[PDB]
Amino acid sequence: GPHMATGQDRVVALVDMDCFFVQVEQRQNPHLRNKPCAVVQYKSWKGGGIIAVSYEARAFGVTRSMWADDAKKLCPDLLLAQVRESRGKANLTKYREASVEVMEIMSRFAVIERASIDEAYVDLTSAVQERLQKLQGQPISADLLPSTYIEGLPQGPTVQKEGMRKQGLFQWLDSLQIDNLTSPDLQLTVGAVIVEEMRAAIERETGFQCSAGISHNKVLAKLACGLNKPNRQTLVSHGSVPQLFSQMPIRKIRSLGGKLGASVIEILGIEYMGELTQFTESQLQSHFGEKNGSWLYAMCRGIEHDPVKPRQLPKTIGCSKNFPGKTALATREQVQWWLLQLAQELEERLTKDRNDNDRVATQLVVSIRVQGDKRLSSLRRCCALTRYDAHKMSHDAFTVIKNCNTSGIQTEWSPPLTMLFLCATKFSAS
DNA sequence: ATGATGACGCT
DNA sequence: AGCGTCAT
Ligand SMILES: Nc1ccn([C@H]2C[C@H](O)[C@@H](COP(=O)(O)OP(=O)(O)OP(=O)(O)O)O2)c(=O)n1
Ligand SMILES: [Ca+2]
Ligand SMILES: [K+]
């Protein structure tokens, strides 16, 4: 009752760019706008692997991981943009720079946690308090929320999608207690107003559209963001959680999409996130461990405490290349040449990073994969990163991997290498 | 033969 | 430290 925390103390938003890499290419090439189109890498193998898909192309069934030759059978007029290739490998610089454009806009409104190249969490609790003091009990107009969905509404006693959206919004705003500055529903609503303003600023200053979720924590904000895409935002209130979770497959919740969520399903014999409420904390901790059990117990009630971390920059800068099947590297010279290619791209990104962000990496992680392993990485070893020099980093990487070579012959590499990865880590201010 | 990333938990 | 999970 009066002491049972409800997880309603924060306003958290997740902003996610719609078909991000596609929008980057469509901004650059107007011929691609408003068309079925996809972003591919490496044109030689089956037209390239698709890594991003516009919503027009999704209507034909085009998905990520499709080969472009196969996608073209689903969508013969599919337009494609290729990822840049430099030093024999895909180069994602254009998308990292576009990401920076968005992240810097988002940071004008609140401190962000960069979750990915195209997603950031925002803690809006303080901005909402300030905006509420500026409103002075004044009601919130539906015109301030022109692209907001209220999850779970409309409800109770028009057949077009926007009509539904407005009906639900009207019901929400009619119900709102705007005199209570500490109503969590009011705080979420003001949050949504700010997120409308943030999304409009992103679109105005970059051309990119995004979606967003507004709730009381990161998991609900992420789930909310995906409920109405593209170019929309969804408010998921605490009160909407029981109905929303009652038919929500467990794998949809962030961190349950893999083996842990599969084990929750198998071990407990359930399907939906709401079904977790019937277990005690101790039961869940017995099955999934102390941290996971506590987290599931709170999460299935809509409660989560993972804070929005103040981090706008990536913590690592990595360069990786696969060498599949027949192309696996079998000669020592092949391994040195590719390590140098990776090291040169890494040097260039690190130098840029040190000029922009006043920091230097201090550790070099080298990871390889050998032909035969099912694991994505077969061996990871670190050394000191003391100079931003590609020839030195590639030499050191080779030094810490060269004893993996099973071969008796010096010039050969066995087993051949199917993946090389160089990662700069452990940044220090400078 | 998806591939190229990136964060964080466990021991 | 090195390995694994989960994600974009
Ligand atoms: N397995 C993946 C997932 C994503 N990406 C890249 C390309 C995507 O454009 C971008 C963002 O990924 P999302 O999962 O957010 O997907 P999109 O932004 O493409 O689409 P959506 O509108 O569904 O978010 O990251 C990638 O290279 N490989
Ligand atoms: Ca996205
Ligand atoms: K994303």
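Along every chain, residues receive numbers from 1 upward following the written sequence, which is not necessarily the numbering found in the entry; those without coordinates are excluded from display. Each chain is given a letter, starting from A, and each ligand a number, starting from 1, according to the order in which they appear as written. Side-chain figures throughout are based on the complete set of non-hydrogen atoms in the structure, without hydrogens or water.

## A few points about the protein's contact with DNA strand B
Not every one of the 28 residues close to DNA strand B is listed here, only the nearest: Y42, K89, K315, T316 and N322. We call a residue near a molecule or strand as soon as one heavy atom of that residue lies within 4 Å of the molecule or strand. Restricting the count to atoms of DNA strand B within 4 Å of the protein gives a sugar and phosphate share of 66%. Within 3.5 Å is the distance limit for a polar contact, defined as a pair of N or O atoms, with the added protein rule that one can donate a hydrogen and the other accept it, and that residues adjacent in sequence qualify only through two side-chain atoms. The contact in question runs from a phosphate oxygen of DNA strand B to an N or O atom on the side chain of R96, over 2.8 Å. The backbone of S320 places a nitrogen or oxygen atom 3.0 Å from a phosphate oxygen of DNA strand B. Labels follow the DSSP assignment, with helices taken as runs of H or I lasting at least four residues and strands as runs of E lasting at least two, numbered in each case from the N terminus. Sorting the residues of the surface near DNA strand B by element identifies β3 (49–53), β6 (89–90) and β12 (317–322) as the ones contributing at least two each. Looking at the surface near DNA strand B, its residues break down into 11 nonpolar, nine polar and eight charged. Under the scheme applied, nonpolar residues are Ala, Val, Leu, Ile, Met, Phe, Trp, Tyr, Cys and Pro; charged residues are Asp, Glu, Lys and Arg; polar residues are all the others, including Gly.

## Quick notes on the domain arrangement of chain A
The assigned domain composition of chain A is domain 1 (12–18 + 94–242), domain 2 (20–93), domain 3 (243–301) and domain 4 (317–429). A domain assignment, automatic or from a database, supplies the domain bounds used here. Taking only C-alpha atoms into account, the centre of domain 3 sits 39 Å from that of domain 4.

## Some words on the site of ligand 1
The immediate surroundings of ligand 1 are formed by 13 residues, with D16, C19, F20, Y55 and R58 found nearest. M17 is positioned with one of its backbone polar atoms (N or O) 3.2 Å from an oxygen atom of ligand 1. At 3.1 Å from an oxygen atom of ligand 1 is found a side-chain nitrogen or oxygen belonging to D118. In the complex, 68% of the free accessible area of ligand 1, which totals 540 Å², lies under the protein chains. Broken down by secondary-structure element, the contributors of at least two residues to the shell around ligand 1 are β1 (12–17), α1 (20–28), β3 and α2 (55–58). When residues are assigned to domains, the shell around ligand 1 turns out to be shared by domain 1 (12–18 + 94–242) and domain 2 (20–93), each giving three or more. In these tables, accessible area is a Shrake-Rupley quantity obtained with a 1.4 Å probe, and a residue counts as shielded only by the protein chains included in the view.

## Some thoughts on the protein's contact with DNA strand C
Around DNA strand C lies a shell of 17 residues, among which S116, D118, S255, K259 and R380 are the nearest. When the atoms of DNA strand C within 4 Å of the protein are sorted by group, sugar and phosphate make up 93%. With respect to DNA strand C, the side chain of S116 contributes an N or O atom lying 2.9 Å from a sugar or linking oxygen. Within the backbone of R380, one N or O atom sits 2.9 Å away from a phosphate oxygen of DNA strand C. Among the elements of the structure, α10 (259–268) and β15 (379–384) are those that each provide at least two residues to the surface near DNA strand C. Among the elements that take part in the surface near DNA strand C, β15 stands out by supplying four residues, more than any other.

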